[PDB]
Number of protein chains: 2
Amino acid sequence: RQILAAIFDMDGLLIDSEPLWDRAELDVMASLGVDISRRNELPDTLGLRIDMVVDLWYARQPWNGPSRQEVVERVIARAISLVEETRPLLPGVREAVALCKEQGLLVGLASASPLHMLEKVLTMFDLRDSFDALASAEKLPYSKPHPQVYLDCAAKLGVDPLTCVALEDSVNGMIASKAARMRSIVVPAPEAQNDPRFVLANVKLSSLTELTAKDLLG
Amino acid sequence: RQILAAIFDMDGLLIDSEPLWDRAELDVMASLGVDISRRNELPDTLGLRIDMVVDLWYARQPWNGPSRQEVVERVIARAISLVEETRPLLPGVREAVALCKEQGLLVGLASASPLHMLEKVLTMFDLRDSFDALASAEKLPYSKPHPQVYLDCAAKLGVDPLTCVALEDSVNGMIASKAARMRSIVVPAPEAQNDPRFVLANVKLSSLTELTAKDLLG
Ligand SMILES: [Ca+2]
Ligand SMILES: [Ca+2]
Ligand SMILES: [Ca+2]
Ligand SMILES: [Ca+2]
(Lines give C-alpha, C1' and ligand atoms only; values in the text may rest on other atoms or scores of the structure.)
(Ligands and ions follow the chains in the order given, each with its own letter.)
Protein backbone atom coordinates (compact mmCIF):
# COMPACT_ATOMS: atom_id res chain seq x y z
CA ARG A 1 0.00 0.00 0.00
CA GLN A 2 1.44 3.34 -1.15
CA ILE A 3 0.79 6.20 1.27
CA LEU A 4 0.47 9.68 -0.23
CA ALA A 5 -1.40 11.52 2.56
CA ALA A 6 -1.87 11.65 6.32
CA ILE A 7 -5.22 12.82 7.73
CA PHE A 8 -5.39 13.84 11.38
CA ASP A 9 -8.38 13.72 13.65
CA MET A 10 -8.74 16.92 15.67
CA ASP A 11 -10.49 16.58 19.04
CA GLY A 12 -8.51 14.37 21.39
CA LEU A 13 -5.74 13.75 18.83
CA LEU A 14 -4.31 17.19 17.99
CA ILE A 15 -5.93 19.00 20.93
CA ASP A 16 -6.94 18.00 24.41
CA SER A 17 -10.50 19.21 23.86
CA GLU A 18 -12.53 16.24 25.20
CA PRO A 19 -12.50 17.69 28.78
CA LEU A 20 -13.49 21.07 27.34
CA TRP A 21 -16.39 19.67 25.33
CA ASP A 22 -17.50 17.89 28.52
CA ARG A 23 -17.45 21.13 30.45
CA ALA A 24 -19.36 23.00 27.70
CA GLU A 25 -21.98 20.21 27.54
CA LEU A 26 -22.29 20.08 31.32
CA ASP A 27 -22.68 23.82 31.70
CA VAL A 28 -25.29 24.12 28.94
CA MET A 29 -27.29 21.05 29.97
CA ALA A 30 -27.30 22.22 33.62
CA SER A 31 -28.60 25.63 32.55
CA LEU A 32 -31.58 23.83 30.89
CA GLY A 33 -32.52 22.02 34.10
CA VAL A 34 -31.24 18.69 32.82
CA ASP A 35 -30.37 16.30 35.64
CA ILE A 36 -26.70 15.60 34.89
CA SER A 37 -26.25 12.84 37.51
CA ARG A 38 -28.00 10.60 34.95
CA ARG A 39 -25.01 10.84 32.57
CA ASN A 40 -24.54 7.06 33.02
CA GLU A 41 -27.77 6.47 31.03
CA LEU A 42 -26.08 7.56 27.80
CA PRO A 43 -24.03 5.21 25.66
CA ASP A 44 -20.34 5.79 25.03
CA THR A 45 -20.24 9.01 22.97
CA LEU A 46 -16.49 9.33 22.36
CA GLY A 47 -15.95 10.63 18.83
CA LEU A 48 -19.64 11.34 18.17
CA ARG A 49 -20.72 14.65 16.73
CA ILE A 50 -22.16 17.10 19.24
CA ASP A 51 -25.60 17.02 17.60
CA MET A 52 -25.83 13.30 18.38
CA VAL A 53 -24.93 13.82 22.03
CA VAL A 54 -27.52 16.63 22.44
CA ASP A 55 -30.13 14.34 20.82
CA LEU A 56 -29.19 11.55 23.25
CA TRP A 57 -29.69 13.86 26.25
CA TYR A 58 -32.95 15.18 24.78
CA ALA A 59 -34.31 11.64 24.39
CA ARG A 60 -33.64 10.91 28.09
CA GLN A 61 -34.57 14.32 29.47
CA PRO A 62 -36.42 16.63 27.06
CA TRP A 63 -36.29 20.37 27.82
CA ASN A 64 -38.23 23.48 26.85
CA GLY A 65 -36.88 26.75 25.43
CA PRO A 66 -33.93 26.41 23.05
CA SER A 67 -34.23 23.75 20.36
CA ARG A 68 -31.67 20.94 20.15
CA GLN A 69 -29.88 22.86 17.39
CA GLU A 70 -29.79 26.06 19.48
CA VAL A 71 -28.29 24.01 22.30
CA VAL A 72 -25.74 22.51 19.88
CA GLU A 73 -24.54 25.93 18.78
CA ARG A 74 -24.30 27.10 22.51
CA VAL A 75 -22.16 24.10 23.41
CA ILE A 76 -19.96 24.64 20.33
CA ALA A 77 -19.38 28.32 21.09
CA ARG A 78 -18.48 27.53 24.69
CA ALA A 79 -16.11 24.68 23.76
CA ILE A 80 -14.34 27.01 21.32
CA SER A 81 -13.87 29.71 23.99
CA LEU A 82 -12.41 27.07 26.28
CA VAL A 83 -10.01 25.87 23.57
CA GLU A 84 -8.76 29.41 22.77
CA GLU A 85 -8.31 30.07 26.46
CA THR A 86 -6.33 26.93 27.35
CA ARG A 87 -4.59 26.22 24.01
CA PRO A 88 -4.49 22.48 24.71
CA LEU A 89 -2.01 21.23 22.05
CA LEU A 90 -1.31 17.55 22.65
CA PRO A 91 2.25 16.20 22.93
CA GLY A 92 4.12 15.40 19.75
CA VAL A 93 1.71 17.20 17.38
CA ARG A 94 4.10 19.67 15.83
CA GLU A 95 6.71 16.93 15.37
CA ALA A 96 4.18 14.51 13.85
CA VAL A 97 2.99 17.01 11.24
CA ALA A 98 6.58 17.89 10.38
CA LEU A 99 7.40 14.18 10.05
CA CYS A 100 4.54 13.79 7.57
CA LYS A 101 6.06 16.52 5.37
CA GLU A 102 9.58 15.02 5.86
CA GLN A 103 8.16 11.73 4.57
CA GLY A 104 6.62 13.31 1.46
CA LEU A 105 2.95 13.28 2.48
CA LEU A 106 0.08 15.66 1.98
CA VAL A 107 -1.62 16.54 5.24
CA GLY A 108 -5.33 16.64 5.93
CA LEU A 109 -7.74 17.29 8.78
CA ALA A 110 -11.04 15.41 9.13
CA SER A 111 -13.27 16.29 12.08
CA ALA A 112 -16.87 16.25 13.32
CA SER A 113 -16.34 19.80 14.58
CA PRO A 114 -17.40 22.83 12.51
CA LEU A 115 -15.09 24.07 9.75
CA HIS A 116 -14.73 27.45 11.47
CA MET A 117 -13.41 25.72 14.61
CA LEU A 118 -11.02 23.62 12.49
CA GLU A 119 -9.65 26.81 10.92
CA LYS A 120 -9.45 28.43 14.36
CA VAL A 121 -7.56 25.66 16.16
CA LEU A 122 -5.04 25.28 13.31
CA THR A 123 -4.42 28.98 12.93
CA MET A 124 -3.96 29.37 16.73
CA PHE A 125 -1.10 26.89 16.72
CA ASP A 126 0.42 28.25 13.47
CA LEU A 127 -0.42 24.91 11.83
CA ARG A 128 -2.84 26.12 9.13
CA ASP A 129 -0.08 26.33 6.55
CA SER A 130 0.92 22.67 7.06
CA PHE A 131 -2.59 21.35 6.24
CA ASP A 132 -3.36 20.91 2.55
CA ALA A 133 -7.05 20.23 3.16
CA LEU A 134 -9.67 20.46 5.93
CA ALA A 135 -12.98 18.55 6.08
CA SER A 136 -15.76 19.06 8.61
CA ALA A 137 -18.61 16.58 9.16
CA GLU A 138 -20.89 19.42 10.39
CA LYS A 139 -23.10 19.78 7.27
CA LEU A 140 -23.15 16.02 6.53
CA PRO A 141 -26.04 13.67 7.28
CA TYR A 142 -23.69 11.34 9.20
CA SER A 143 -20.41 12.01 11.01
CA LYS A 144 -17.89 9.37 12.17
CA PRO A 145 -18.17 6.39 12.32
CA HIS A 146 -19.59 7.12 8.82
CA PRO A 147 -16.66 7.52 6.38
CA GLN A 148 -18.02 10.53 4.48
CA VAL A 149 -15.84 13.17 6.18
CA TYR A 150 -12.71 11.09 5.44
CA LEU A 151 -13.75 10.54 1.82
CA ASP A 152 -14.44 14.30 1.47
CA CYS A 153 -10.97 15.01 2.88
CA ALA A 154 -9.26 12.59 0.48
CA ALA A 155 -11.11 14.25 -2.40
CA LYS A 156 -10.04 17.75 -1.33
CA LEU A 157 -6.50 16.39 -1.02
CA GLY A 158 -6.74 14.98 -4.55
CA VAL A 159 -5.74 11.42 -3.62
CA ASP A 160 -7.40 8.00 -3.57
CA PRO A 161 -8.65 7.27 -0.01
CA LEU A 162 -6.68 4.01 -0.26
CA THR A 163 -3.45 6.07 -0.23
CA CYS A 164 -4.35 7.76 3.10
CA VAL A 165 -3.34 7.06 6.70
CA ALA A 166 -5.76 8.37 9.33
CA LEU A 167 -4.60 9.23 12.87
CA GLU A 168 -7.40 8.87 15.40
CA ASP A 169 -7.99 8.73 19.17
CA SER A 170 -11.36 6.93 19.17
CA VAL A 171 -12.98 3.73 17.96
CA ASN A 172 -15.72 5.70 16.16
CA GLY A 173 -13.10 7.72 14.32
CA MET A 174 -11.03 4.65 13.55
CA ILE A 175 -14.08 2.87 12.11
CA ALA A 176 -14.76 5.89 9.86
CA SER A 177 -11.23 5.68 8.46
CA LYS A 178 -11.53 1.90 7.90
CA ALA A 179 -14.96 2.24 6.28
CA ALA A 180 -13.09 4.62 3.89
CA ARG A 181 -10.49 1.81 3.40
CA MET A 182 -7.60 3.89 4.78
CA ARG A 183 -4.56 2.89 6.84
CA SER A 184 -5.14 3.59 10.54
CA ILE A 185 -2.94 4.82 13.37
CA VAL A 186 -4.58 5.23 16.76
CA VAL A 187 -3.48 7.18 19.81
CA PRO A 188 -6.30 6.08 22.11
CA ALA A 189 -7.94 8.60 24.37
CA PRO A 190 -7.36 7.97 28.09
CA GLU A 191 -11.11 7.14 28.24
CA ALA A 192 -10.55 4.30 25.67
CA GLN A 193 -7.05 2.89 26.42
CA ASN A 194 -7.66 -0.88 26.55
CA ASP A 195 -10.56 -0.96 24.10
CA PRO A 196 -10.05 -4.33 22.31
CA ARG A 197 -11.53 -2.88 19.13
CA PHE A 198 -8.34 -0.87 18.44
CA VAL A 199 -6.94 -4.18 17.07
CA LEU A 200 -8.48 -2.95 13.78
CA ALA A 201 -5.88 -0.15 13.58
CA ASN A 202 -2.62 -0.85 11.74
CA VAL A 203 -0.57 0.91 14.44
CA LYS A 204 -1.38 1.71 18.10
CA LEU A 205 0.60 4.48 19.80
CA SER A 206 0.49 5.57 23.45
CA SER A 207 1.36 9.06 22.28
CA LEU A 208 1.99 11.00 19.08
CA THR A 209 5.53 11.56 20.44
CA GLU A 210 6.11 7.90 19.49
CA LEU A 211 5.10 8.38 15.83
CA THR A 212 7.64 7.08 13.26
CA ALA A 213 7.94 7.10 9.47
CA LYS A 214 7.35 3.36 9.47
CA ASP A 215 4.06 3.86 11.36
CA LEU A 216 2.91 6.29 8.64
CA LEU A 217 4.09 4.46 5.52
CA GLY A 218 3.81 0.85 6.68
CA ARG B 1 -30.40 -0.85 22.40
CA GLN B 2 -33.85 -1.96 21.23
CA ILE B 3 -33.66 -4.17 18.15
CA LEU B 4 -36.49 -3.80 15.61
CA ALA B 5 -34.91 -5.37 12.49
CA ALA B 6 -32.41 -7.97 11.33
CA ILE B 7 -30.50 -7.36 8.07
CA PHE B 8 -28.75 -10.33 6.48
CA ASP B 9 -25.66 -10.23 4.30
CA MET B 10 -26.10 -12.32 1.21
CA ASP B 11 -22.91 -13.90 -0.27
CA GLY B 12 -21.17 -16.21 2.18
CA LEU B 13 -23.90 -15.70 4.80
CA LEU B 14 -27.20 -16.89 3.26
CA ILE B 15 -25.57 -18.71 0.33
CA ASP B 16 -22.30 -20.47 -0.21
CA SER B 17 -21.50 -18.34 -3.27
CA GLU B 18 -17.88 -17.27 -2.53
CA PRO B 19 -16.43 -20.33 -4.30
CA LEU B 20 -18.88 -19.70 -7.19
CA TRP B 21 -17.80 -16.07 -7.55
CA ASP B 22 -14.19 -17.33 -7.48
CA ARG B 23 -14.90 -19.73 -10.34
CA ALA B 24 -16.76 -17.00 -12.32
CA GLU B 25 -13.77 -14.54 -11.89
CA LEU B 26 -11.23 -17.23 -12.70
CA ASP B 27 -12.95 -18.35 -15.88
CA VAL B 28 -13.54 -14.81 -17.16
CA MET B 29 -10.03 -13.58 -16.27
CA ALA B 30 -8.48 -16.68 -17.87
CA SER B 31 -10.43 -16.00 -21.09
CA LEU B 32 -8.86 -12.49 -21.22
CA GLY B 33 -5.32 -13.82 -21.09
CA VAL B 34 -4.87 -12.79 -17.46
CA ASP B 35 -2.15 -14.72 -15.65
CA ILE B 36 -4.09 -16.25 -12.77
CA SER B 37 -1.05 -17.61 -10.87
CA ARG B 38 -0.33 -14.02 -9.79
CA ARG B 39 -3.58 -13.96 -7.79
CA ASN B 40 -1.40 -13.63 -4.67
CA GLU B 41 -0.61 -10.04 -5.78
CA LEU B 42 -4.08 -8.75 -4.88
CA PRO B 43 -5.09 -7.87 -1.32
CA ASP B 44 -7.78 -9.70 0.61
CA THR B 45 -10.97 -9.03 -1.36
CA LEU B 46 -13.45 -10.90 0.86
CA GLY B 47 -16.72 -8.95 0.86
CA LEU B 48 -15.61 -6.43 -1.75
CA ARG B 49 -17.91 -5.63 -4.68
CA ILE B 50 -16.99 -7.35 -7.95
CA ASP B 51 -16.11 -4.10 -9.73
CA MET B 52 -13.37 -3.39 -7.16
CA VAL B 53 -11.95 -6.87 -7.76
CA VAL B 54 -11.97 -6.42 -11.55
CA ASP B 55 -10.21 -3.05 -11.08
CA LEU B 56 -7.62 -4.75 -8.86
CA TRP B 57 -6.83 -7.32 -11.58
CA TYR B 58 -6.83 -4.64 -14.28
CA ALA B 59 -4.32 -2.54 -12.31
CA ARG B 60 -1.92 -5.52 -12.20
CA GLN B 61 -2.55 -6.97 -15.64
CA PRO B 62 -4.55 -4.66 -17.95
CA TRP B 63 -6.29 -6.50 -20.78
CA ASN B 64 -7.77 -5.48 -24.05
CA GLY B 65 -11.17 -5.99 -25.65
CA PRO B 66 -13.93 -6.03 -23.01
CA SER B 67 -13.97 -3.02 -20.70
CA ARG B 68 -13.82 -3.52 -16.95
CA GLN B 69 -17.60 -2.94 -16.76
CA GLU B 70 -18.23 -5.50 -19.54
CA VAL B 71 -16.02 -7.92 -17.60
CA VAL B 72 -17.98 -7.20 -14.40
CA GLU B 73 -21.23 -8.06 -16.14
CA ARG B 74 -19.77 -11.28 -17.54
CA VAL B 75 -18.59 -12.41 -14.09
CA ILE B 76 -21.97 -11.56 -12.51
CA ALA B 77 -23.87 -13.56 -15.14
CA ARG B 78 -21.63 -16.59 -14.69
CA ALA B 79 -21.87 -16.41 -10.89
CA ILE B 80 -25.70 -16.25 -11.04
CA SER B 81 -25.85 -19.34 -13.28
CA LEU B 82 -23.62 -21.18 -10.85
CA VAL B 83 -25.86 -20.29 -7.90
CA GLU B 84 -29.05 -21.36 -9.73
CA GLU B 85 -27.33 -24.62 -10.67
CA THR B 86 -26.00 -25.60 -7.23
CA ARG B 87 -28.58 -23.82 -5.00
CA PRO B 88 -26.07 -23.47 -2.11
CA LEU B 89 -28.23 -22.45 0.87
CA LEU B 90 -26.08 -22.33 3.96
CA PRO B 91 -26.96 -24.22 7.16
CA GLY B 92 -29.41 -22.65 9.57
CA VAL B 93 -30.69 -19.99 7.15
CA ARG B 94 -34.39 -20.83 7.03
CA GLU B 95 -34.46 -21.29 10.80
CA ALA B 96 -32.54 -18.03 11.38
CA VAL B 97 -35.00 -16.04 9.28
CA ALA B 98 -37.94 -17.74 11.03
CA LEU B 99 -36.35 -16.92 14.40
CA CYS B 100 -36.16 -13.23 13.46
CA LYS B 101 -39.92 -13.23 12.77
CA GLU B 102 -40.72 -15.11 15.99
CA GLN B 103 -38.75 -12.44 17.87
CA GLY B 104 -40.82 -9.64 16.31
CA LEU B 105 -38.25 -8.29 13.83
CA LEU B 106 -38.49 -6.87 10.34
CA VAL B 107 -36.09 -8.62 8.00
CA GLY B 108 -33.77 -6.96 5.49
CA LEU B 109 -31.13 -7.93 2.94
CA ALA B 110 -28.08 -5.74 2.25
CA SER B 111 -25.61 -6.88 -0.40
CA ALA B 112 -22.93 -5.73 -2.86
CA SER B 113 -24.56 -7.99 -5.43
CA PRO B 114 -27.03 -6.64 -8.00
CA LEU B 115 -30.66 -6.23 -6.92
CA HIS B 116 -31.82 -8.64 -9.65
CA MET B 117 -29.52 -11.29 -8.13
CA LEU B 118 -30.88 -10.60 -4.64
CA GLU B 119 -34.44 -11.09 -5.89
CA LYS B 120 -33.36 -14.27 -7.68
CA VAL B 121 -31.58 -15.97 -4.77
CA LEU B 122 -34.46 -15.14 -2.38
CA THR B 123 -37.14 -16.30 -4.78
CA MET B 124 -35.08 -19.56 -5.41
CA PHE B 125 -35.31 -20.58 -1.77
CA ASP B 126 -38.92 -19.41 -1.25
CA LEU B 127 -37.52 -16.71 1.05
CA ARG B 128 -38.67 -13.56 -0.80
CA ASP B 129 -41.86 -13.23 1.27
CA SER B 130 -39.87 -13.22 4.56
CA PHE B 131 -37.81 -10.18 3.48
CA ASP B 132 -39.42 -6.79 4.14
CA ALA B 133 -36.70 -4.91 2.23
CA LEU B 134 -33.74 -5.53 -0.12
CA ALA B 135 -30.80 -3.15 -0.66
CA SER B 136 -28.06 -3.57 -3.27
CA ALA B 137 -24.83 -1.55 -3.40
CA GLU B 138 -24.47 -2.14 -7.16
CA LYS B 139 -25.38 1.47 -8.13
CA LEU B 140 -23.73 3.17 -5.12
CA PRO B 141 -20.41 5.04 -5.28
CA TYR B 142 -19.01 2.77 -2.53
CA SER B 143 -20.03 -0.68 -1.39
CA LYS B 144 -19.15 -2.32 1.95
CA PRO B 145 -17.12 -1.42 3.99
CA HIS B 146 -18.97 1.86 3.27
CA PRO B 147 -22.23 1.83 5.32
CA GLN B 148 -24.48 3.30 2.59
CA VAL B 149 -26.10 0.01 1.61
CA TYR B 150 -26.96 -0.76 5.25
CA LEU B 151 -28.34 2.77 5.77
CA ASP B 152 -30.45 2.42 2.58
CA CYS B 153 -31.81 -0.91 3.84
CA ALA B 154 -32.72 0.58 7.22
CA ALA B 155 -34.53 3.41 5.41
CA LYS B 156 -36.43 1.01 3.17
CA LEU B 157 -37.34 -1.01 6.25
CA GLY B 158 -38.56 2.19 7.96
CA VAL B 159 -36.40 1.97 11.09
CA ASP B 160 -33.49 3.78 12.72
CA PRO B 161 -30.21 2.00 11.85
CA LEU B 162 -29.46 2.02 15.60
CA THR B 163 -32.30 -0.52 15.98
CA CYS B 164 -30.81 -2.95 13.43
CA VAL B 165 -28.72 -6.11 13.87
CA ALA B 166 -26.62 -7.03 10.81
CA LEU B 167 -25.54 -10.62 10.14
CA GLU B 168 -22.29 -10.81 8.20
CA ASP B 169 -19.54 -13.26 7.21
CA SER B 170 -16.73 -10.79 6.49
CA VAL B 171 -14.73 -8.07 8.17
CA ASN B 172 -15.61 -5.67 5.34
CA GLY B 173 -19.32 -6.33 5.79
CA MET B 174 -19.05 -6.06 9.57
CA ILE B 175 -17.28 -2.70 9.33
CA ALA B 176 -20.07 -1.43 7.05
CA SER B 177 -22.68 -2.38 9.64
CA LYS B 178 -20.62 -0.77 12.45
CA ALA B 179 -20.12 2.38 10.36
CA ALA B 180 -23.97 2.44 10.19
CA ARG B 181 -23.98 2.12 14.03
CA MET B 182 -25.78 -1.26 14.04
CA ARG B 183 -25.50 -4.33 16.25
CA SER B 184 -23.34 -7.00 14.60
CA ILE B 185 -23.46 -10.80 14.49
CA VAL B 186 -20.77 -12.46 12.40
CA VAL B 187 -20.62 -15.99 11.00
CA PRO B 188 -17.06 -15.77 9.67
CA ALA B 189 -16.26 -17.29 6.32
CA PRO B 190 -13.91 -20.30 6.41
CA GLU B 191 -11.25 -18.00 4.88
CA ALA B 192 -11.83 -15.40 7.63
CA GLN B 193 -11.63 -17.75 10.60
CA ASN B 194 -9.44 -16.37 13.37
CA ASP B 195 -9.48 -12.84 11.96
CA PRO B 196 -8.86 -10.80 15.17
CA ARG B 197 -10.93 -7.93 13.78
CA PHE B 198 -14.17 -9.85 14.44
CA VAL B 199 -13.80 -8.67 18.06
CA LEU B 200 -15.77 -5.62 16.86
CA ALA B 201 -18.86 -7.81 16.41
CA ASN B 202 -21.30 -8.10 19.31
CA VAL B 203 -21.72 -11.84 18.62
CA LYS B 204 -19.57 -14.37 16.79
CA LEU B 205 -21.16 -17.65 15.66
CA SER B 206 -19.44 -20.67 14.10
CA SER B 207 -22.65 -21.23 12.12
CA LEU B 208 -26.14 -19.72 11.70
CA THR B 209 -27.44 -22.98 13.19
CA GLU B 210 -26.19 -21.52 16.49
CA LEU B 211 -28.27 -18.34 16.22
CA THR B 212 -30.39 -17.58 19.32
CA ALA B 213 -32.91 -14.91 20.31
CA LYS B 214 -30.38 -13.46 22.75
CA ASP B 215 -27.80 -13.05 19.95
CA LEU B 216 -30.28 -10.99 17.90
CA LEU B 217 -31.76 -8.83 20.65
CA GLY B 218 -28.81 -8.63 23.03
CA1 LIG C 1 -11.47 12.41 18.33
CA1 LIG D 1 11.31 13.42 1.98
CA1 LIG E 1 3.23 26.99 10.42
CA1 LIG F 1 -20.44 -11.65 2.40
Side-chain angles (χ1 to χ4, degrees), chain A residues 1-2 41-49 51-53 55-56 59-60 110 112 137 140-152 154-155 160-163 166 168 170-184 186 192 194-202 204 218, chain B residues 1-2 41-49 51-53 55-56 59-60 110 112 137 140-152 154-155 160-163 166 168 170-184 186 192 194-202 204 218:
Chain A
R1 138 174 273 162
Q2 170 214 41
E41 290 173 8
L42 285 75
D44 180 26
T45 55
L46 188 72
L48 293 176
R49 195 168 56 180
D51 67 337
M52 289 305 114
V53 176
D55 276 349
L56 282 167
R60 307 308 189 287
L140 308 184
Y142 299 98
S143 189
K144 309 185 197 158
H146 195 291
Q148 190 71 59
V149 68
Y150 271 115
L151 297 164
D152 290 347
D160 188 319
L162 287 164
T163 66
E168 274 283 353
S170 77
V171 168
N172 277 322
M174 176 194 69
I175 291 169
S177 71
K178 283 296 178 180
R181 300 183 62 207
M182 299 177 169
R183 186 178 168 75
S184 169
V186 299
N194 303 130
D195 195 318
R197 300 177 298 172
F198 286 123
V199 74
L200 182 67
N202 299 99
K204 174 151 63 177
Chain B
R1 160 108 76 185
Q2 183 179 66
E41 281 172 17
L42 286 70
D44 176 30
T45 54
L46 186 64
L48 297 185
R49 187 169 61 180
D51 57 350
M52 296 308 110
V53 178
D55 282 352
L56 285 169
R60 274 66 166 177
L140 308 181
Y142 299 93
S143 190
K144 306 182 203 165
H146 195 291
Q148 192 64 238
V149 68
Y150 274 114
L151 295 166
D152 289 346
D160 197 313
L162 272 49
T163 69
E168 275 281 351
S170 76
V171 163
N172 277 324
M174 175 194 70
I175 289 171
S177 74
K178 282 285 164 187
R181 294 186 68 207
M182 297 176 171
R183 183 177 171 76
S184 172
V186 297
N194 305 318
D195 194 317
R197 298 174 298 169
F198 288 125
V199 72
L200 178 64
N202 298 100
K204 178 166 161 206

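In the text below, chain A, chain B and the rest are named by the order of the sequence lines, each starting its count at 1. For the numbers below, each heavy atom of this structure counts, side chains included, while hydrogens, waters and symmetry mates do not.
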Bottom line for B:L162: the part with an atom under 4.5 Å from chain A's heavy atoms is neither
Minimum-distance pair of heavy atoms, taken over all atoms of B:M182 and B:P161: CG-O, 3.3 Å
Select, from B:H146, B:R197, B:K178, the one with the greatest count of heavy-atom pairs under 4.5 Å involving chain A. B:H146
So which of B:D195, B:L200, B:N202 actually passes side chain to side chain contact (heavy atoms under 4.5 Å, CB included) with B:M174? B:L200
Winner by heavy-atom pair count (cut-off under 4.5 Å) against chain A, out of B:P147, B:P196, B:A180, B:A176: B:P147
Going from OG on B:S177 to CG on B:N172, what distance comes out if it is rounded to the nearest 0.5 angstrom? 11.0 Å
Could you grab the distance from atom CZ of B:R183 to atom OG1 of B:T163, nearest 0.5 Å is fine? 12.5 Å
